[PDB]
Amino acid sequence: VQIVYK
Amino acid sequence: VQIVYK
Amino acid sequence: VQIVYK
Amino acid sequence: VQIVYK
Amino acid sequence: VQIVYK
Amino acid sequence: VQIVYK
Amino acid sequence: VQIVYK
Amino acid sequence: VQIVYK
Amino acid sequence: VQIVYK
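Right, let's walk through the structure included here.

## Observations regarding the interface of chain A and chain B
Part 1 of the argument: Contacts between the two partners involve six residues from chain A, matched on the other side by six residues from chain B.
Part 2 of the argument: Across the chain A/chain B interface, buried area totals approximately 580 Å², and carbon plus sulfur atoms make up 53% of it.
Part 3 of the argument: Counting the surface chain A buries against chain B, the share from its top three residues, A:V1, A:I3 and A:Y5, is 67%.
Part 4 of the argument: Where chain A meets chain B, there are six residue pairs in polar contact.
Part 5 of the argument: A class-by-class count of the residues in the side of chain A that touches chain B yields four nonpolar, one polar and one charged.
Part 6 of the argument: Taken together, the four bridges between strand β1 (residues 2-5) of chain A and strand β1 (residues 2-5) of chain B define a ladder with parallel strand orientation. If you follow A:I3 over to β1(B), its bridge partner there is B:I3.

Rules of the game
Residues numbered from 1 in each chain as written, not as in the entry; some residues may be left out. Chains lettered and ligands numbered in written order. Heavy atoms only, no water. Contact = heavy atoms within 4.5 Å. Buried area = accessible area lost by both parts, 1.4 Å probe. Polar contact = N/O pair within 3.5 Å; in protein donor to acceptor, adjacent residues only side chain to side chain. Nonpolar A, V, L, I, M, F, W, Y, C, P; charged D, E, K, R; others polar. Pairing = 2+ DSSP bridges. Helix = DSSP H or I, 4+ residues; strand = E, 2+ residues; numbered from the N terminus.

Here it is, written out as structure tokens:
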């Protein structure tokens with residue numbers, strides 16, 4: 001699972 | 001599991 | 001598990 | 001487990 | 001377990 | 001276990 | 001166990 | 001066990 | 001056990 005905030 | 005905040 | 005704050 | 005604060 | 005504060 | 005404060 | 005304060 | 005204060 | 005104050 002990959003979660004990225006930008 | 002990978003979680004990154006930017 | 002990897003958690004990074006930037 | 002790796003946790004890094006920046 | 002590795003925890004680093006910067 | 002490694003804990004580092006900077 | 002290693003704990004370092006800087 | 002290693003504890004260092006700086 | 002090693003404890004160092006600086």
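Right, picking up where we left off after that structure.
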